[PDB]
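The next block holds one structure in the form of structure tokens; read it before the comments.
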Amino acid sequence: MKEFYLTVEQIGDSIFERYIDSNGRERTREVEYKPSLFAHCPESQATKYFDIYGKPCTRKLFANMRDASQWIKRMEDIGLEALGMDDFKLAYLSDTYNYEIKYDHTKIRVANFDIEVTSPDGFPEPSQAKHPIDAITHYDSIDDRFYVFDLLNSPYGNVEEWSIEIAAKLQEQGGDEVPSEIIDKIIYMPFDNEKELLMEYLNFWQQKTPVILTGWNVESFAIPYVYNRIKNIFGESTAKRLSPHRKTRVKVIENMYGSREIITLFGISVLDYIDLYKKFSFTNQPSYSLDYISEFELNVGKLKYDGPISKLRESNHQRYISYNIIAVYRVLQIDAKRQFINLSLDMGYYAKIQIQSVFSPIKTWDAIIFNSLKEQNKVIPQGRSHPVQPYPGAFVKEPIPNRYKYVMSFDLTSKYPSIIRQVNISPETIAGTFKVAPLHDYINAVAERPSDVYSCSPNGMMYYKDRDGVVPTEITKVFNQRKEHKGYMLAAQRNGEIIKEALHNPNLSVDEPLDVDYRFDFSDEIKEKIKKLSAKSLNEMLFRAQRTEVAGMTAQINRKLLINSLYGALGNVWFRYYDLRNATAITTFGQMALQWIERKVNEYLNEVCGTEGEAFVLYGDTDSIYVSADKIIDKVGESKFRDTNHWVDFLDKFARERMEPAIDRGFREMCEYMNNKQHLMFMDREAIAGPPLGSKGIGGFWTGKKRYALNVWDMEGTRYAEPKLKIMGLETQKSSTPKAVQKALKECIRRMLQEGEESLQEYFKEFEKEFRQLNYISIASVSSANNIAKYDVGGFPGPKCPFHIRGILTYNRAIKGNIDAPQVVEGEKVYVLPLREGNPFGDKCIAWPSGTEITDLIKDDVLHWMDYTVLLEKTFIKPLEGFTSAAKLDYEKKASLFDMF
DNA sequence: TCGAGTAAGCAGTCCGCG
DNA sequence: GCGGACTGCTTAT
Ligand SMILES: Cc1cn([C@H]2C[C@H](O)[C@@H](COP(=O)(O)OP(=O)(O)OP(=O)(O)O)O2)c(=O)[nH]c1=O
Ligand SMILES: [Ca+2]
Ligand SMILES: [Ca+2]
Ligand SMILES: [Ca+2]
Ligand SMILES: [Ca+2]
Ligand SMILES: [Ca+2]
Ligand SMILES: [Ca+2]
Ligand SMILES: [Ca+2]
Ligand SMILES: [Ca+2]
Ligand SMILES: [Ca+2]
């Protein structure tokens with residue numbers, strides 16, 4: 001096989017590399033790598049190396065990496081550019097793997113671990129590591145085994161061995177319900193002292209050294225705790241055995257308020273799953289506890305136990321160990337679904353970076369572009385310091401707040417990357433500038449043509465047209481990958497809807513789910529078989545279809561993120577190719593594109609309707625336009641349609657056969673106006689929305705910018721079995737809104753859009769009447785909590801203290817002394833509840849850590865003093881009032897003359 | 001919240017507005 | 001009571 005790296009590090013003048021050799025075996029080597037850098041040279045000197053602007057360079061080969069680093073410093077002292085890849089390990093990878101890397105994931109050791117630490121006196125701080133590590137579960141992907149290290153004897157209690165027999169039994173048998181599919185994969189090792197546990201763990205680690213190391217909060221807790229505990233018991237040298245090269249660094253992570261330490265393990269790639277999840281899941285969760293995320297992702301029940309976790313080992317060591325094992329498995333289950341490890345490997349090997357650098361799109365793109373340029377013997381520029389400066393972004397149209405009955409939307413494929421490609425925007429393609437007119441003049445095609453030679457953006461920038469820039473070339477490659485995966489995602493989505501339709505008429509029989517590839521649209525034969533399957537088989541297929549859709553979503557949405565982040569990197573001062581001229585060229589072109597096509601669509605529809613100055617485009621934000629289709633429907637007349645699906649078909653056909661060609665003509669003209677390199681503004685129909693035929697539903701509404709709701713029947717060619725609410729920006733979509741209130745507001749919206757005013761009124765009246773019965777957690781607001789100390793003045797709120805911070809201060813006063821009280825953690829999220837006048841907490845609200853029950857001794861008081869009236873007004877009535885005023889509806893029935901009878 | 005970007009919404013504080 | 005100046009937070013794209 002072709003060789004591929006696992007990890008790479010620079011340690012002084014050596015590159016240390018772990019890799020898979022041509023026979024599929026893991027190897028390690030130390031290489032005295034001699035890096036090269038570059039300086040500009042005269043024309044007279046013959047060279048094969050040129051910088052991205054075509055200026056000749058001479059290659060400097062250094063005796064070692066330290067000499068090269070020192071040369072860079074001396075060049076700074078002289079005031080001359082030192083060109084080339086200054087991150088020498090990336091140059092090493094480029095030289096050693098000068099081909100498209102094909103990797104075999106089955107040869108990569110992926111380790112997933114979790115530790116337990118009993119701590120009677122609060123949270124066990126990893127920097128101190130003052131308490132025994134009393135359990136480690138470490139899953140190894142090559143062995144496919146869970147290795148469980150269990151401490152039986154501790155200063156906090158001696159316990160009996162964990163029983164795999166009890167672990168496997170149902171909870172109704174007094175067991176722990178460790179899933180049957182992993183029971184045979186557990187290798188259980190009890191220890192009568194912590195020193196032998198840790199020594200054995202290190203020997204195990206030496207034999208099965210992780211390449212990818214993951215888990216939940218492993219970077220912020222487990223890794224520093226293990227390292228520091230081992231360091232405390234044995235000394236530094238023993239702790240450094242967690243690194244295969246025996247090198248570690250305490251790394252200080254900081255943001256704007258406060259800093260924290262992590263431990264860099266040289267020769268390991270740590271991908272903490274909480275951080276993978278935050279970057280790649282496109283959620284914003286009220287809590288990031290593993291129990292909360294597991295429930296959300298997997299629909300598994302919370303791991304229940306009596307008493308605090310600090311007393312679980314002594315009271316129920318059996319459950320303690322079983323829950324440690326289950327926690328490790330839950331991360332594996334989340335990854336089986338979301339596939340973020342697969343994503344990280346894919347993108348890491350594509351860019352030729354340390355796999356952990358997938359968290360940094362700047363590093364990822366730096367490597368991709370470097371490797372691309374190096375293939376042509378071109379030399380990358382030196383990175384430079386820039387002051388942070390603002391620059392303009394997207395245009396957002398101010399909508400007229402209203403109900404909107406029939407709506408069709410249109411959206412550009414990968415807009416900003418497509419602009420980069422169309423205009424040919426790159427560091428080395430800048431051709432000059434032209435005299436800019438107001439944007440309005442370009443939008444209305446009255447400004448003089450910018451250039452008859454170069455490709456232009458309405459910010460004044462001109463670009464070469466003779467050859468693609470490196471940014472366009474490389475963004476296109478990742479875009480094409482994205483397009484492939486989006487195809488699989490949408491097919492799986494369409495397939496899911498076929499199965500949902502089939503579930504209306506399930507067959508009474510015993511059978512199996514069909515063995516099919518859900519990434520491809522079901523054939524006629526598969527569809528006929530589906531119509532004869534049982535509900536059980538259909539539901540199994542639906543689950544599999546949905547999992548395939550999720551896999552496609554991960555692959556496509558994060559490649560979209562990567563290419564959009566290349567645009568973003570152009571506006572980040574740490575990017576080697578930072579240039580606000582190019583960042584602004586993209587955003588300003590984007591503004592024009594939106595408003596240009598708004599004009600073109602209005603013009604087209606006014607023509608086919610025989611009107612003048614009528615506004616068909618009701619809204620647009622950044623890219624998409626939303627078009628009112630009322631007049632189109634009315635042109636034929638609602639009575640002509642047999643059912644909802646008939647007018648959806650009609651609008652689908654109208655959009656595709658009439659509107660899209662007009663939009664295409666419109667953008668082709670804009671391309672010629674700007675003299676762009678290639679027409680790539682492909683705006684296709686997105687949503688078709690409206691009320692069910694014959695209903696009193698309103699279809700949709702806008703309250704303002706970034707705030708709307710639509711009842712959608714078809715989305716990008718997926719025809720839903722049941723209509724789907726597309727709600728953007730409204731409180732239903734905000735993690736700060738209480739769970740039960742999201743649910744209620746969503747149902748109010750559903751009733752508004754699908755059923756009408758009377759239906760809304762019936763539901764509102766009931767919610768208002770019954771909501772005090774809702775569980776306190778489900779009606780609590782959520783907020784991130786920053787700068788708690790800044791507003792703490794002797795335990796009381798300082799000037800301008802935020803409401804949620806005031807709540808935390810109230811909580812802190814209430815738990816003074818209470819030893820079984822969780823502390824609110826700076827920068828994490830809290831639940832927040834209002835409190836009625838005269839409550840014993842002495843303030844108008846209280847807050848506590850999100851994802852948790854509030855501690856027992858104040859819970860009864862919070863429940864007794866909760867201000868349901870304020871809660872309802874702020875979280876439910878106020879937002880609903882906004883929805884209904886915008887939609888011109890009443891959520892309460894107003895008096896009429898009929899009341900007199 | 002270490003990790004690409006800007007636009008813009010709403011909650012809440014403080015305090016003016018005769 | 002509502003709105004502007006401001007901080008804080010969270011969303012749309
Ligand atoms: C979602 C998102 C968009 N944008 C910008 C760049 C996008 O091209 C532009 C429009 O956003 P979108 O329409 O959400 O996405 P897209 O056009 O890139 O891809 P597609 O519609 O094919 O799924 O807004 C960002 O800069 N960052 C982001 O995270
Ligand atoms: Ca635990
Ligand atoms: Ca120490
Ligand atoms: Ca788009
Ligand atoms: Ca599309
Ligand atoms: Ca059937
Ligand atoms: Ca969009
Ligand atoms: Ca099209
Ligand atoms: Ca889309
Ligand atoms: Ca009490």
Side-chain angles (χ1 to χ4, degrees), chain A residues 219-220 251-260 262 271-272 274-276 278-280 282-286 288 356-366 388 390-398 411-412 414-416 560-575 577-578 580 582-584 586-588 590-591 594 619-624 703-708 726-737 781-787 790-791 797-807 825-830 832 834 844-845 874-875 878-879 882:
Chain A
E219 197 180 68
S220 58
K251 189 175 188 283
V252 179
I253 307 300
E254 56 190 49
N255 35 34
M256 59 186 295
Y257 175 75
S259 67
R260 61 192 183 87
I262 67 170
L271 305 183
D272 194 338
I274 194 168
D275 296 319
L276 288 175
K278 285 175 178 180
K279 192 175 186 73
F280 300 138
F282 297 89
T283 62
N284 193 2
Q285 300 284 11
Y288 287 92
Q356 66 269 34
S357 291
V358 298
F359 292 115
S360 174
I362 285 167
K363 179 61 72 163
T364 302
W365 282 113
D366 197 40
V388 174
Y391 73 94
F395 175 75
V396 186
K397 182 179 178 66
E398 189 75 70
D411 175 74
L412 289 158
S414 288
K415 186 170 177 170
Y416 284 18
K560 165 175 169 176
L561 172 63
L562 184 59
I563 60 179
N564 287 347
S565 295
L566 178 50
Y567 146 68
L570 295 167
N572 181 293
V573 298
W574 301 103
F575 192 42
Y577 311 100
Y578 171 77
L580 292 188
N582 288 344
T584 305
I586 296 158
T587 63
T588 309
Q591 290 208 17
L594 174 50
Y619 184 67
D621 178 346
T622 307
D623 177 345
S624 296
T703 81
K705 294 185 185 179
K706 298 181 189 282
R707 289 184 61 87
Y708 60 99
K726 178 172 178 62
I727 301 167
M728 309 312 301
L730 307 188
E731 281 73 11
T732 55
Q733 311 309 113
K734 300 183 71 169
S735 62
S736 46
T737 302
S781 298
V782 180
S783 186
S784 296
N786 302 302
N787 299 323
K790 196 216 292 194
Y791 294 104
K800 299 160 184 167
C801 182
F803 190 85
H804 61 286
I805 302 301
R806 178 182 293 266
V825 177
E826 174 62 24
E828 307 280 44
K829 292 187 181 186
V830 292
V832 187
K844 62 177 179 180
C845 63
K874 272 153 45 155
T875 67
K878 205 174 191 172

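Heavy-atom basis, side chains included; hydrogens, waters and symmetry copies ignored. First the proteins, then the strands, lettered A, B, ... as listed; each starts at 1.
- Residues satisfying the side-chain hydrogen bond (donor to acceptor under 3.5 Å, both in side chains) criterion with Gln285(A), sequence neighbours excluded, are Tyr277(A).
- Rounding to the nearest 0.5 Å gives a distance of 10.5 Å between OG1 of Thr364(A) and CG of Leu566(A).
- Nearest approach of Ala394(A) to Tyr416(A), heavy atoms of both residues: CB-OH, 3.9 Å.
- Residues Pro879(A) and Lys874(A) share a closest heavy-atom pair of CD-O, 3.6 Å.
- Here the separation of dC2(B) from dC9(C), taken at their P atoms, is 15 Å to the nearest Å.
- Distance CD/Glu826(A) to OG/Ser784(A): 10.5 Å, rounded to 0.5 Å.
- The pentose of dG9(B) is categorized as north (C3'-endo side) on the basis of a positive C1'-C2'-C3'-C4' torsion.
- Dashed line: the shortest gap from a side-chain N or O of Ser783(A) to OP1 or OP2 of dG8(C) is not under 4.0 Å.
- In this pair, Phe359(A) and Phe280(A) present their aromatic rings parallel. The plane angle is below 30°, not in the 30 to 60° band.
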Could you list the protein-to-nucleotides 11-13 of chain B atom pairs, N/O on both sides, closer than 3.5 Å?
from: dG12(B); atom 1: OP1; to: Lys874(A); atom 2: NZ; distance (Å): 2.7
from: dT13(B); atom 1: OP1; to: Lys844(A); atom 2: NZ; distance (Å): 2.7

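- Heavy atoms of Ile262(A) sit under 4.0 angstrom from at least one base atom.
- For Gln356(A) against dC2(B), no side-chain N or O and base N or O form a donor-acceptor pair under 3.5 Å.
- As judged by a 4.0 angstrom heavy-atom cut-off over every strand, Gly393(A) is placed among residues touching the sugar-phosphate backbone only.
- With rounding to whole Å, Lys706(A) atom NZ is found 9 Å from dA12(C) atom P.
- Atom CG of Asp275(A) and atom P of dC2(B) are 8 Å apart (whole Å).
- Comparing the start and finish of the helix from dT6(B)-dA12(C) to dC17(B)-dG1(C), five pairs each, the helix axis swings through 30°, to the nearest 10 degrees.
- Of the candidates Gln733(A), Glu731(A), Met728(A), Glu731(A) is the only one forming a side-chain contact (heavy atoms from CB on, under 4.5 Å) with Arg707(A).
- In terms of phosphate contacts, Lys415(A) brings no side-chain nitrogen or oxygen within less than 4.0 Å of OP1 or OP2 of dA12(C).
- Remark: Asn564(A) is not in phosphate contact with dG5(B), judged by side-chain N or O atoms under 4.0 Å from OP1 or OP2.
- Protein atom OH of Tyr391(A) is 7 Å distant from nucleotide atom P of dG5(B), rounded to whole Å.
- Residue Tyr791(A) has its side chain nearest to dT7(C) when only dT7(C), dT1(B), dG3(B) are considered.
- Here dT1(B) presents its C1' atom at 11 Å from CG of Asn284(A), a figure rounded to the nearest Å.
- The side chain of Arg707(A) lies closest to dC10(B) when the candidates are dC10(B), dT1(B), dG8(C).
- The nucleotide whose nearest atom lies closest to any side-chain atom of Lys705(A) is, among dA8(B), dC2(B), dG5(B), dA8(B).
- One interatomic measurement links the two molecules: OH of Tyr708(A) to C1' of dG9(B), which rounds to 14 Å at whole-angstrom precision.
- With a 6.0 Å cutoff to the six-membered ring centre and a 45° limit on the axis angle, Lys397(A) does not count as a cation-pi contact of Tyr708(A).
- Note on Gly827(A): a base of the nucleic acid sits closer than 4.0 angstrom, heavy atoms only.
- A sub-4.0 Å separation between OP1 or OP2 of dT11(C) and a side-chain N or O of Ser736(A) is absent.
- Rounded to whole Å, atom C1' of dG3(B) lies 13 Å from atom CH2 of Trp574(A).
- Look at the P atom in both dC6(C) and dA4(B): the space between them is 31 Å, to the nearest Å.
- Going from atom CG of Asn582(A) over to atom CZ of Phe575(A) covers 10.5 Å, rounded to the nearest 0.5 Å.
- Contacts of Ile253(A) with the nucleic acid, taken as non-hydrogen atoms under 4.0 Å apart, include base atoms.
- Side-chain proximity of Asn787(A) to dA7(B), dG3(B), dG8(C): nearest is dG8(C).
- We find that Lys706(A) and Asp621(A) are joined by a salt bridge, their nearest charged nitrogen and carboxylate oxygen being less than 4.0 Å apart.
- The side chain of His804(A) places an N or O atom within less than 4.0 Å of a non-bridging phosphate oxygen (OP1 or OP2) of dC9(C).
- Place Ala394(A) and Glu828(A) on DNA chain B by their nearest nucleotides, and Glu828(A) ends up nearer the 5' end.
- To the nearest 0.5 Å, atom OG of residue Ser624(A) and atom CG of residue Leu412(A) are 7.5 Å apart.
- Rounding to whole angstrom units, CD of residue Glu254(A) and P of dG3(B) are separated by 11 Å.
- As a whole-Å value, the separation of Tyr578(A) OH from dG5(B) P is 10 Å.
- Nearest nucleotide to the side chain of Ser735(A), out of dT1(B), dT11(C), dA4(B): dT11(C).
- Which of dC2(B), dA4(B), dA8(B) sits closest to the side chain of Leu561(A) comes down to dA4(B).
- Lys397(A) comes within 4.0 angstrom of no nucleic acid atom, judged by non-hydrogen atoms across all strands.
- Between the OH atom in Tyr567(A) and the CD1 atom in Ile586(A) there is a gap of 7.0 Å [rounded to 0.5 Å].
- Of the candidates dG3(B), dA12(C), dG5(B), the closest approach to any side-chain atom of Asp621(A) belongs to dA12(C).
- The nucleotide whose nearest atom lies closest to any side-chain atom of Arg260(A) is, among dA4(B), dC2(B), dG8(C), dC2(B).
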